[PDB]
Amino acid sequence: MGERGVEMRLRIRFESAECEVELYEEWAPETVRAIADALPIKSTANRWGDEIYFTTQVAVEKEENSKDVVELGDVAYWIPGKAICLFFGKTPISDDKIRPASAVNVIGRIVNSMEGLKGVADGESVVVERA
């Protein structure tokens, strides 16, 4: 009941795909509180080149962490916009590498799943829930 820290995993299912992701305080225990606060909730998924970002109505913004580079397989939350986004390929600016944004936090990565959600259908439901 709150006797740890590096063990905060959430669930994110899709009408045509499913995947799990964990999280580490590297971003900030304070912000992590909002994500956990936004358990089972309805959200609309927006399709984008090997990228997916949906709003959950949770407005959590602060100046900290905000990274812009990451390796294939890791997951991150879009700070400027309070929107979460998966990573399994290109992004708004593929070119030679993968640029998810200019200031997004690393909310962990996809381990027990390795699903290819990136192949989601244009516009589909989304329900965020912490396990």
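Residues numbered from 1 in each chain as written, not as in the entry; some residues may be left out. Heavy atoms only, no water.

Listed under the method field of the entry is solution NMR.

(A) Spotlight on the pairing of strand β6 (residues 83–87). Counting buried residues in β6 gives 5 out of 5 residues, a clear majority hidden from the surface. Judged by which residues are buried, β6 turns out to be covered on both faces: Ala83, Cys85 and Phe87 on one side and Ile84 and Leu86 on the other are all buried. Note: strand β4 (residues 51–54) against β6, 4 bridges, orientation antiparallel. Paired with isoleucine 52 across the strands is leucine 86, a residue of β6. Relative to β6, strand β5 (residues 74–78) is paired through 3 bridges, and the arrangement is antiparallel. Residue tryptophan 78 lies in a different strand from β6, and its bridge partner there is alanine 83. From the end of β5 to the start of β6, which pair antiparallel, there are 4 residues, and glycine 81 there has a positive phi angle of about 140°. (Buried < 20%, exposed > 50% of the residue type's maximum accessible area, 1.4 Å probe, protein only. Helix = DSSP H or I, 4+ residues; strand = E, 2+ residues; numbered from the N terminus. Pairing = 2+ DSSP bridges.)

(B) How the structure looks around the packing of aromatic side chains. Scanning the entire structure with this criterion turns up 3 aromatic pairs. Judged by centre distance (6.5 Å) and plane angle (45°), the rings of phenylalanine 14 and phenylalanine 54 are tilted. Taken together, the residues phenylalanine 14 in strand β1 (residues 10–14) and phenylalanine 54 in strand β4 connect sequence positions 40 residues apart. The burial state of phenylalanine 14 is the same as that of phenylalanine 54; both residues are buried. Aromatic side chains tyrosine 53 and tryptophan 78 sit 6.2 Å apart centroid to centroid with 80° between the ring planes, which places their arrangement in the edge-to-face category. Taken as a pair, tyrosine 53 in strand β4 and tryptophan 78 in strand β5 lie far apart in primary sequence, 25 residues in all. (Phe/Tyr/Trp six-rings, centres within 6.5 Å; stacked < 30°, edge-to-face > 60°.)

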